[PDB]
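Asker: The structure that follows is given in the form of structure tokens.
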Amino acid sequence: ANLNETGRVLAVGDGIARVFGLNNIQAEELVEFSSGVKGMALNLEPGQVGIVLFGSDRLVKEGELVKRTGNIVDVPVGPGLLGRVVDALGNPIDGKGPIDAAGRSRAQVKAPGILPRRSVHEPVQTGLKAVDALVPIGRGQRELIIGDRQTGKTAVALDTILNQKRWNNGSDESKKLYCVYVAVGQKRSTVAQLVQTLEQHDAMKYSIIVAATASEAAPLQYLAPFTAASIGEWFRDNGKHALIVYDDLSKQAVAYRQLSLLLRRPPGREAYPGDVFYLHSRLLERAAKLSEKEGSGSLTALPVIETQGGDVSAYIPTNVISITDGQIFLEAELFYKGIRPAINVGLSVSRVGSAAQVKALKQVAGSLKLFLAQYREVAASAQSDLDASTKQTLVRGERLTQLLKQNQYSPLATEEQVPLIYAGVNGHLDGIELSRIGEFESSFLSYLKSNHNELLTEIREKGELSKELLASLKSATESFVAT
Amino acid sequence: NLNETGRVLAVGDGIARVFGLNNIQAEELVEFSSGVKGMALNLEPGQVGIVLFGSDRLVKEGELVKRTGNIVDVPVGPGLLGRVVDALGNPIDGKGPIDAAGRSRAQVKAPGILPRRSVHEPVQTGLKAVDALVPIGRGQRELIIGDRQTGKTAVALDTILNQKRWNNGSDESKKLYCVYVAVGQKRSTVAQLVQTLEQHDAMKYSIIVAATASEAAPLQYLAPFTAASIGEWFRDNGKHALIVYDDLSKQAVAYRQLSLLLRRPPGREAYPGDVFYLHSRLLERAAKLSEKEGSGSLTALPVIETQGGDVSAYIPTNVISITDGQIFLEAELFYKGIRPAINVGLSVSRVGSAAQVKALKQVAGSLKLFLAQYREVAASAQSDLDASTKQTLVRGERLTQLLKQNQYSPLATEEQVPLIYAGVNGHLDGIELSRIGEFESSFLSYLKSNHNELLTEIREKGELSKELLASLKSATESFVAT
Amino acid sequence: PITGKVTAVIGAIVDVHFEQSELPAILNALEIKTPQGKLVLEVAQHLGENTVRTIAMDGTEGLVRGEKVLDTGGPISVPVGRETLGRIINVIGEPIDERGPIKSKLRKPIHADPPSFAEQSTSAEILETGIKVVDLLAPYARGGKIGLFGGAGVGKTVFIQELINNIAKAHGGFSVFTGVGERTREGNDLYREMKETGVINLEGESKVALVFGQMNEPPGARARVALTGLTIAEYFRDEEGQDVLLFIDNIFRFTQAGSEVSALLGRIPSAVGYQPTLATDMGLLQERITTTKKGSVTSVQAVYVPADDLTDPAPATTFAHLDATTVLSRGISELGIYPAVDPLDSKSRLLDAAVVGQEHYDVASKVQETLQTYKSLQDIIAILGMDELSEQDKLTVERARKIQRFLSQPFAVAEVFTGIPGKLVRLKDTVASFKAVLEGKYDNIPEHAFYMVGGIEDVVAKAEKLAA
Ligand SMILES: Nc1ncnc2c1ncn2[C@@H]1O[C@H](COP(=O)(O)OP(=O)(O)NP(=O)(O)O)[C@@H](O)[C@H]1O
Ligand SMILES: Nc1ncnc2c1ncn2[C@@H]1O[C@H](COP(=O)(O)OP(=O)(O)NP(=O)(O)O)[C@@H](O)[C@H]1O
Ligand SMILES: [Mg+2]
Ligand SMILES: [Mg+2]
């Protein structure tokens with residue numbers, strides 16, 4: 001037995017195997033145990049190596065042989081993973097056979113530096129009225145989806161993926177956006193069901209699923225987002241665009257905490273290791289928009305965080321907020337009232353997306369940012385005087401609040417969006433009741449499609465509002481409202 | 001030798017680390033040169049970790065240690081009644097040797113699922129509030145819980161006192177033998193307790209098992225299990241023992257000392273991962289045995305002291321969830337003169353009615369209710385309120401007052417029900433609040449001279465017929481008018 | 001026959017030494033023969049030097065270093081099959097009902113992998129329960145997990161039993177009840193009550209298997225029992241193809257046990273003192289309760305909330321896996337409403353157009369809407385008298401009171417305690433029945449016609465008998 005290429009197990013417990021030999025091993029090299037279970041050389045010491053396991057401890061005994069692999073932790077990458085569901089190490093879990101890899105990338109890849117980047121200016125269209133109008137996301141950005149349990153976090157990301165069906169059926173490769181969805185810590189059934197939804201809406205052919213679910217070993221959960229970013233990165237490095245959802249990072253952090261405490265690293269705040277920030281920061285730095293010279297690709301990140309009791313000041317929330325380029329905060333209070341998406345506009349922001357917004361939306365979003373989240377000034381005070389001036393903003397406010405509502409699985413085209421907002425901002429809804437704003441919107445879009453389709457087409461094709469189209473839009477709006 | 005003996009490697013803090021003793025049992029008892037005893041809690045490859053029963057000034061490195069071959073046991077039997085013993089069952093009261101029926105181990109399998117029967121026979125505490133609102137049944141584990149100095153021992157103690165009513169009889173099935181465990185208390189406090197029982201002639205049916213504040217941690221740790229086995233002789237032989245563990249807070253402290261000094265891993269509040277197991281192991285031993293198995297019972301009143309009323313603390317949590325309910329005491333109430341200071345709305349007995357004399361259940365039905373509705377409208381007790389609320393307030397004040405009781409004065413059931421009845425039904429409404437006490441006293445004596453028949457029926461039948469109720473109604477108004 | 005020797009006994013932790021690579025796999029059940037009977041240990045770690053560390057499933061007092069220890073060659077195994085129904089079984093698969101050996105022919109390990117991603121049913125779907133409140137307003141997910149809330153005195157045990165019964169008759173699926181840290185007194189109650197109710201039938205055929213891990217057992221035992229109970233439940237799914245109920249009372253006591261085992265194993269505690277493996281420990285149990293292509297194990301888990309703090313890491317981790325809650329309230333009980341389910345409190349992920357259809361959803365959302373203003377209107381009706389109500393308000397409130405009572409239902413199991421005949425209303429009826437009432441097609445019926453009746457036809461039948 002070569003002790004250079006090979007090892008003998010000294011001990012195993014707490015997700016670590018202590019191994020003797022493997023003298024030629026590299027730090028962070030993947031290893032193989034007798035049972036076929038894999039590991040990662042984490043700490044090389046005089047006279048032994050400490051290996052973190054990617055499975056149950058049952059699958060490793062004392063005295064067993066361990067084989068070197070040659071390879072730092074890596075994964076298959078390339079357009080051949082499209083339509084596929086894999087585990088954190090890249091192994092298919094969808095019943096469909098060997099993955100078709102263009103090649104292999106490490107799990108841990110260094111972020112694009114200061115030079116190879118350019119500011120985001122290309123829209124990521126979500127098809128969500130509230131997000132596209134008020135927290136516009138640009139290709140290369142990082143935008144946190146954050147909020148309590150059961151507040152629509154996943155819905156927001158999933159509508160975004162379903163929405164890409166719009167361009168991923170065209171030919172123009174630059175407008176396309178491939179999707180990597182990472183499930184970390186979720187239930188197997190949630191993810192199975194999610195994939196079936198994707199299949200049913202025909203979204204699956206442009207998306208990749210990477211799953212490390214609830215009963216799997218902490219390191220597989222720790223690892224999944226990293227192997228998913230290299231999968232995402234392939235598109236970035238080859239002049240194409242990929243969206244990556246990390247659902248969710250809260251659970252990644254928890255798994256990382258499990259590993260650190262069993263590794264006997266000192267518990268800090270909320271028991272997380274000191275490096276739990278570096279955990280996320282290195283991951284998320286890999287999202288970017290690249291320069292002309294680097295082929296202009298982009299990886300856009302939508303990490304998901306789960307607050308407890310709505311507290312965005314906890315350690316992990318604030319860590320991620322101090323990394324991403326903004327947050328979409330979802331309030332449980334709005335969610336229970338029926339306001340869904342429950343986007344708390346006061347607390348939501350996109351730091352770089354404004355540039356990348358579609359002009360049409362930008363133009364009918366005049367101050368909507370300021371006004372709405374400020375109607376919130378009056379609204380909170382309202383329930384001391386039956387005022388004159390501030391009775392108007394209470395009626396407009398209430399309207400735009402309904403306009404922003406949106407059914408699930410129903411992402412809407414920009415040119416379907418801008419009229420609804422124009423019709424809100426200019427007060428053509430002021431007279432219509434609350435209970436009918438829902439029906440108004442479906443009936444109004446029908447009207448526009450059948451009768452004023454020339455104009456929608458112009459919004460879609462130029463993305464701007466010429467004074468003439470602006471005036472023509474005023475025309476068609478007034479007509480419908482009157483009846 | 002080495003199979004039967006050992007050398008002291010190191011000693012300190014009541015831990016003796018010992019070489020050899022290769023054939024010793026876990027939890028087995030050892031003897032040292034100097035004569036100090038201990039038990040072997042840690043069996044390890046190199047050594048054995050022994051916790052000491054006495055000062056470790058008596059142990060040295062190199063010293064010889066022998067096996068005794070025994071796990072901790074304790075004498076048990078009726079011959080312990082009236083006696084005061086340490087945790088190993090040695091007499092400490094200067095009354096001579098203790099005659100033992102035989103010997104039981106400290107640690108005994110609690111009765112299984114099958115050899116039991118639902119709790120039904122009452123443990124009559126004699127305390128109006130308890131017997132009416134938080135009834136306890138033979139076999140039940142009911143927790144007496146609260147901050148310091150709130151009357152916890154008193155609840156246990158008036159209960160033990162109240163058992164004179166049957167413990168002077170001849171019907172062994174009705175008698176309730178009493179075991180009191182003093183864990184961590186001061187000796188003069190145990191002395192004064194004993195004297196109290198002696199004065200009320202309750203020592204004759206009680207056994208005091210004492211592991212006081214200056215005694216080595218193992219003995220405080222052991223005392224409860226040891227007392228438990230003493231209790232179990234009664235249960236296993238067709239009788240009924242009550243065990244009070246005063247208190248389990250202090251026992252958990254003792255076990256934590258041992259574990260920290262044996263270097264077992266610490267957890268929340270520095271407790272070992274098996275401190276829940278300690279108490280559940282201990283408390284599941286209280287049980288109501290099946291007819292096949294003799295119908296014996298052991299009923300436990302564990303005590304827990306909270307700090308600032310924080311029942312989410314590690315040890316109260318453990319014990320609240322192990323047991324069948326809480327009698328919750330409170331300084332606030334106490335200072336207001338409500339004594340016992342039982343917080344009705346926080347006290348419960350999951351067993352409930354199944355363990356209450358039917359008569360008391362009949363009159364108390366609504367007591368549960370009015371008082372519930374009282375503490376809901378309380379903040380109103382400070383002018384303009386409709387005749388509905390004025391009434392609710394009038395009633396509750398008086399029912400609260402009726403639940404006050406002096407110490408050392410437990411009431412018979414037949415004394416309790418007419419008092420509760422008068423209140424529950426509005427016979428006290430017209431009586432100024434300061435006079436409810438003297439009312440109780442006078443009313444009882446009046447029933448005793450004029451209506452001994454009603455009292456005898458209540459006691460002898462346990463239920464109230466419509467004839468009894470009607471009789472009670474008349475005799476009450478009769479007195480209230482007078 | 002692979003043998004070892006005890007080398008250490010520290011409380012419920014026992015170390016055993018073996019011969020070269022003759023070492024038991026982590027999670028193997030080991031056995032020592034004691035004069036009590038036999039002591040099972042479960043291998044926890046390979047410490048090195050042919051020594052493994054184990055957790056005791058029973059007491060270790062009396063053990064001696066050097067004592068023989070036998071390897072079973074696998075994890076704790078439990079009997080599976082119909083010969084477990086009506087029996088009481090401990091964590092190690094032994095009968096504890098003094099009724100003799102479980103004459104089951106097969107045995108399975110308690111530790112096992114979850115259904116593969118590919119094995120996973122791909123569409124969420126309702127498990128119809130025969131109970132109005134639940135089916136209509138907070139339906140159970142097939143192969144889902146449900147949080148059962150509210151402690152005691154709210155008819156939990158009757159509610160659980162009705163479920164065992166409704167599922168067996170409506171879907172021919174059996175039940176397994178797992179008392180995780182069960183109080184011996186209460187287990188003994190439950191057993192006697194199950195016989196009285198019929199769901200256990202010692203002389204006939206039983207619908208439920210009882211597995212108890214009592215409070216007086218070492219954490220090791222309390223942590224594993226859930227998996228014991230679950231293995232039995234999996235056999236009914238994987239081999240008999242049934243839709244199976246698994247009860248876990250109480251899920252928090254599973255967590256605390258693992259918290260305690262983790263502490264005895266030397267592991268540094270995480271936030272709030274829970275085990276660093278809190279979430280995976282939870283996942284290793286939950287992910288096994290799901291729908292395969294063969295059937296489903298669906299689980300009703302009783303959930304304790306420490307300090308009533310819902311952000312506490314134990315509920316927080318649990319909630320992640322819950323598809324619905326059934327909230328039992330004394331406040332519903334003290335208005336004489338049985339089962340004491342709270343219609344506003346109890347919530348389901350599946351009350352959803354896509355899962356239950358547009359009918360079902362619309363009916364339930366209105367009921368919900370109705371009951372909601374009636375709740376806020378309890379405030380003004382208590383002060384202003386009744387008469388001070390507006391046109392649509394004074395009607396819906398007369399019709400809410402009517403809905404609120406129609407949510408009652410007689411339980412076939414309660415029958416023996418009540419004498420009232422029991423009703424298993426099909427979801428089909430439940431939907432229409434409530435849609436009709438909402439439309440005003442029964443306003444001219446006095447409220448009492450709505451109390452303790454099954455489907456609409458009994459509101460019809462009842463009101464005609466009140467007439468004379
Ligand atoms: N825009 C929407 N309109 C109406 N209903 C919605 C919308 N978005 C989500 N829902 C529903 O609300 C529930 C919560 O949404 P989901 O996207 O699962 O949020 P989440 O924050 O990821 N919850 P979880 O991850 O399970 O804690 C789901 O049942 C959705 O079906
Ligand atoms: N019903 C009562 N009426 C009046 N005084 C009482 C009553 N019960 C107890 N006391 C007194 O109140 C004090 C506290 O009672 P005690 O039974 O010592 O409570 P405790 O909770 O055990 N306190 P400690 O053990 O010292 O923390 C004692 O001085 C009692 O004599
Ligand atoms: Mg989600
Ligand atoms: Mg005291």
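Naming works like this for the structure tokens: A, B, ... for the chains as they're shown, residue 1 at the start of each chain, ligands 1 onward in shown order.
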Using only C-alpha atoms, which residues sit within 10 Å of residue 407 of chain A once same-chain residues fewer than 5 positions away are excluded, as a PyMOL selection string?

Answerer: chain A and resi 128+340-341

Asker: Counting only C-alpha atoms and all ligand atoms, what residues are within 8 Å of ligand 3, given as a list in words?

Answerer: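 Taking only C-alpha atoms and all ligand atoms into account, the residues around ligand 3 at most 8 Å away are residues 149, 150, 152, 153, 154, 155, 186, 247 and 248 of chain A.
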
Asker: I need the residues of segment 29-111 of chain C that end up classed as strand (DSSP E) by DSSP on the backbone, written out as a ChimeraX atom specification.

Answerer: /C:29-32,39-48,51-56,68-71,77-79,88-89,107-109

Asker: Please report as a PyMOL selection string which residues of chain A come no farther than 6 Å from chain C, using only C-alpha atoms.

Answerer: chain A and resi 10-13+58+63+94+192-193+214-215+258+261+270-271+308

Asker: Could you dump the residues just selected with N, CA and C atoms as a CSV table (one decimal), in the first residue's frame?

Answerer:
```csv
chain,number,residue,atom,x,y,z
A,10,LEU,N,-8.0,6.3,10.5
A,10,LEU,CA,-7.6,6.2,11.9
A,10,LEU,C,-8.8,6.2,12.8
A,11,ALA,N,-9.8,7.0,12.3
A,11,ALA,CA,-11.0,7.3,13.2
A,11,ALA,C,-12.0,8.1,12.4
A,12,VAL,N,-13.3,7.9,12.7
A,12,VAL,CA,-14.3,8.7,12.1
A,12,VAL,C,-15.5,9.0,13.1
A,13,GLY,N,-15.9,10.2,13.1
A,13,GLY,CA,-17.0,10.7,13.9
A,13,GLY,C,-17.2,12.1,13.6
A,58,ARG,N,-21.8,6.5,8.7
A,58,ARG,CA,-21.9,5.1,8.6
A,58,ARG,C,-21.1,4.5,7.5
A,63,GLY,N,-9.7,1.7,9.6
A,63,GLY,CA,-8.9,0.6,9.0
A,63,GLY,C,-9.0,0.6,7.5
A,94,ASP,N,-31.7,12.9,-11.5
A,94,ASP,CA,-33.0,13.0,-12.2
A,94,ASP,C,-33.4,11.8,-13.0
A,192,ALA,N,-38.7,18.4,-6.1
A,192,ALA,CA,-39.3,17.6,-7.1
A,192,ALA,C,-40.5,18.4,-7.7
A,193,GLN,N,-41.4,18.8,-6.8
A,193,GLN,CA,-42.6,19.6,-7.2
A,193,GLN,C,-42.2,20.9,-7.9
A,214,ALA,N,-32.7,18.5,2.7
A,214,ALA,CA,-32.7,18.5,4.1
A,214,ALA,C,-32.0,17.3,4.8
A,215,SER,N,-32.0,16.1,4.3
A,215,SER,CA,-31.4,14.9,5.0
A,215,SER,C,-30.0,14.7,4.6
A,258,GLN,N,-22.9,23.8,11.4
A,258,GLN,CA,-22.8,22.4,11.9
A,258,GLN,C,-21.4,21.9,11.8
A,261,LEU,N,-18.8,23.7,14.2
A,261,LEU,CA,-18.8,23.3,15.6
A,261,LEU,C,-18.3,21.9,15.8
A,270,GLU,N,-24.4,34.3,17.6
A,270,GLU,CA,-25.5,33.3,17.2
A,270,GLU,C,-24.9,31.9,16.9
A,271,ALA,N,-23.7,31.7,17.4
A,271,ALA,CA,-22.9,30.4,17.3
A,271,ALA,C,-22.3,30.1,16.0
A,308,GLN,N,-36.2,35.8,10.9
A,308,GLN,CA,-37.1,35.3,12.0
A,308,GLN,C,-37.8,36.5,12.6
```

Asker: Record the distance separating atom CA of residue 255 of chain B and atom CA of residue 278 of chain B, expressed in Å with one decimal.

Answerer: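 These two atoms are separated by 8.8 Å.
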
Asker: May I have the residues within 10 Å of ligand 2, computed using only C-alpha atoms and all ligand atoms, as a ChimeraX atom specification?

Answerer: /B:127,144-158,185,189,246-247,303-306,329-331,334-335,337-342,403-410

Asker: Which neighbours of residue 406 of chain C fall inside 8 Å, counting only C-alpha atoms, when residues of the same chain fewer than 2 positions from it are skipped, and could you give them as JSON, numbers by chain?

Answerer: {"C": [402, 403, 404, 408, 409, 450, 451, 452, 453]}
